[PDB]
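Since the structure comes first, as structure tokens, the remarks are kept for the end.
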Amino acid sequence: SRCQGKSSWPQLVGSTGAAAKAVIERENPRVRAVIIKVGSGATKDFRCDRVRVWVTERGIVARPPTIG
Ligand SMILES: [K+]
Ligand code: NA
Ligand code: NA
């Protein structure tokens, strides 16, 4: 019965990746946030325990973090 809880963090765009990771992982204890640079690619599968945090070259969140 996975994927419950908060599952998207639209207000974290524009935040730093580190700030975002901590907010995500505090608000939903069933996920781990993964910082990844925009354009670098990540597996195209679906996981309820993962939140990709897509960041610019300066480490700013550039897409709304969502479970998947
Ligand atoms: K914001
Ligand atoms: Na949010
Ligand atoms: Na994700």
Side-chain angles (χ1 to χ4, degrees):
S1 306
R2 292 173 176 176
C3 277
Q4 300 182 31
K6 185 168 179 182
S7 55
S8 191
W9 288 261
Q11 298 189 50
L12 296 176
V13 300
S15 298
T16 66
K21 171 171 174 76
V23 169
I24 291 162
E25 288 181 11
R26 288 157 66 106
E27 290 188 340
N28 191 333
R30 296 181 294 183
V31 305
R32 171 170 172 266
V34 58
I35 307 288
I36 311 175
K37 186 164 171 221
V38 165
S40 67
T43 56
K44 297 288 195 180
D45 62 351
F46 180 87
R47 291 255 302 290
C48 288
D49 56 298
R50 181 175 57 202
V51 176
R52 293 178 168 145
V53 181
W54 293 101
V55 296
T56 72
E57 59 291 345
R58 300 181 194 165
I60 298 297
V61 180
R63 304 288 187 281
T66 301
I67 293 180

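Note that the numbering runs from 1 along the sequence shown for the chain. Every number for a ligand or one of its atoms is a count from 1 in the order of the listing. Atom set for the values below is all heavy atoms of this structure, side chains included, hydrogens, waters and symmetry mates excluded.
Within the protein, the N, O or S atoms lying under 3.0 Å from the Na ion (ligand 3) are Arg52 N, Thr66 O, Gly68 O.
Hydrophobic cluster membership is shared by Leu12 and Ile35, with clusters built from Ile, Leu, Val, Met, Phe, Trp and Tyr side chains linked at under 4.5 angstrom. Residues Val31 and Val23 share a single hydrophobic cluster, defined by chaining ILVMFWY side chains whose heavy atoms lie under 4.5 Å apart.
Other residues, nucleotides and ligands place more than 12 heavy atoms under 6.0 Å from the NZ atom of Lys6. Residue-environment remark: CD (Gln11) stays at or below the threshold of 12 foreign heavy atoms within 6.0 Å.
For the atom pair CD1 (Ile60) and OG (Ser15), the distance works out to 7.5 Å, reported to the nearest 0.5 Å. Interatomic distance, CZ of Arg63 versus CD1 of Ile36, reported as 12.0 Å (0.5 Å rounding).
Counted by atom type alone, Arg30 and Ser7 present zero donor-acceptor pairs between their side chains at under 3.5 Å.
Note on the K ion (ligand 1): protein N, O or S atoms under 3.4 Å away count 2, no waters included.
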| request: Decide side chain to side chain contact (heavy atoms under 4.5 Å, CB included) for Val51 and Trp9; before the verdict, give the C-alpha distance in whole Å, the side-chain angles of both, and the deciding distance to 0.1 Å. | output: CA-CA 10 Å; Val51 176; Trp9 288 261; 3.8 Å; yes

| Step-by-step side chain to side chain contact (heavy atoms under 4.5 Å, CB included) determination, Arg52 to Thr43 | CA-CA 11 Å; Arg52 293 178 168 145; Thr43 56; 3.1 Å; yes

